[PDB]
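Data first, discussion second: the structure below is written as structure tokens.
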Amino acid sequence: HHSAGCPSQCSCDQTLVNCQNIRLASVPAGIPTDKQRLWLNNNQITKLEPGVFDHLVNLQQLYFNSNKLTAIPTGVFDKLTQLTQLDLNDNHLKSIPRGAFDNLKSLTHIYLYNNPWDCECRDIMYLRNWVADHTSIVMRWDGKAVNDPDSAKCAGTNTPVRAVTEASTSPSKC
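When we follow PDB author numbering, the leftmost residue of the sequence shown carries the number 17, and every step to the right adds one.
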């Protein structure tokens with residue numbers, strides 16, 4: 017008999033696929049394409065499969081904070097041209113691949129804080145430049161969203177990623 021599109025581990029609103037807080041180790045199959053909001057935060061997702069969000073073209077809000085991501089496939093957000101809010105805080109990200117955010121032209125809020133950004137490695141230069149060119153959308157949460165471009169910080173030293181000088185980075189320390 018006919019059932020709803022919703023992943024069975026998750027809960028669904030008219031506008032929201034709520035998959036937060038359910039100890040997921042991977043992104044569930046069958047996320048409906050007509051929803052504008054996806055919460056995958058506070059899980060234990062360690063990887064994003066290439067192509068996972070490609071059909072989710074109407075998505076406006078994607079929360080993926082407090083997971084265990086160590087890398088982002090370069091083209092993973094390519095189809096999310098409507099996306100206005102993206103939360104990646106509290107993952108294990110070390111850098112963003114060059115051009116990863118190229119197609120995210122509607123973003124008003126991106127959250128990047130509490131990731132071990134590796135500022136000794138020259139791969140950090142894409143994120144450095146991107147933050148520096150989009151400071152008005154870099155946000156941290158403190159009750160409400162607060163615009164703070166210094167909130168993406170280098171692992172260990174806590175210096176802002178956007179202040180990193182290329183000369184302090186190395187291509188062989190990666």
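Even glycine gets a Cβ: it sits at the ideal position worked out from N, Cα and C.
Spell out the partners DSSP gives residue i in its beta bridges.
{"i": "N34", "result": "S27, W55"}
{"i": "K169", "result": "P176"}
{"i": "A161", "result": "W157"}
{"i": "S186", "result": "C137"}
{"i": "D103", "result": "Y79, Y127"}
On the CB-based measure, 16 or more other CB atoms within 10 Å of its CB, does residue i come out buried or exposed?
{"i": "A168", "result": "buried"}
{"i": "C26", "result": "buried"}
{"i": "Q101", "result": "buried"}
{"i": "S122", "result": "exposed"}
{"i": "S184", "result": "exposed"}
{"i": "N131", "result": "buried"}
{"i": "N163", "result": "exposed"}
Quick check: residue i and residue j, are their CB atoms within less than 7 Å of each other?
{"i": "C170", "j": "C137", "result": "no"}
{"i": "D134", "j": "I140", "result": "yes"}
{"i": "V154", "j": "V177", "result": "no"}
{"i": "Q77", "j": "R53", "result": "yes"}
{"i": "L56", "j": "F80", "result": "yes"}
{"i": "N107", "j": "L85", "result": "yes"}
Quick one: is residue i near chain B, going by C-beta distance under 7 Å?
{"i": "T31", "result": "Among the protein chains of the structure shown there is no chain B, as only one such chain exists."}
Could you tell me which of the options sits nearest to residue i, measuring between CA atoms?
{"i": "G91", "options": "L85, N81, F117", "result": "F117"}
{"i": "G67", "options": "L56, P89, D164", "result": "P89"}
{"i": "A87", "options": "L104, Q77, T181, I38", "result": "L104"}
{"i": "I126", "options": "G115, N57, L56, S152", "result": "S152"}
{"i": "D166", "options": "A179, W157, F93, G172", "result": "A179"}
{"i": "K51", "options": "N163, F69, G172", "result": "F69"}
{"i": "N119", "options": "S188, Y129, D106, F93", "result": "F93"}
{"i": "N37", "options": "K63, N83, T62", "result": "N83"}
{"i": "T175", "options": "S19, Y129, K63", "result": "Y129"}
{"i": "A41", "options": "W157, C28, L64", "result": "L64"}
{"i": "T124", "options": "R156, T62, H17", "result": "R156"}
For residue i, I'd like the list of residues in its chain whose CB is within less than 8 Å of its CB, leaving aside the five on either flank, ordered along the chain.
{"i": "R39", "result": "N59, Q60"}
{"i": "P23", "result": "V33, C35, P44, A45, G46, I47"}
{"i": "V73", "result": "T49, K95, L96, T97, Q98"}
{"i": "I112", "result": "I88, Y142, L143, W146"}
Suppose the cutoff is 7 Å on Cβ atoms and the five residues either side in sequence are ignored; what does the same chain contact list for residue i look like?
{"i": "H71", "result": "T49"}
{"i": "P187", "result": "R138"}
{"i": "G21", "result": "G46, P48"}
Once the 5 residues before and after residue i are set aside, which same chain residues still bring their CB inside 6 Å of it?
{"i": "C28", "result": "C22"}
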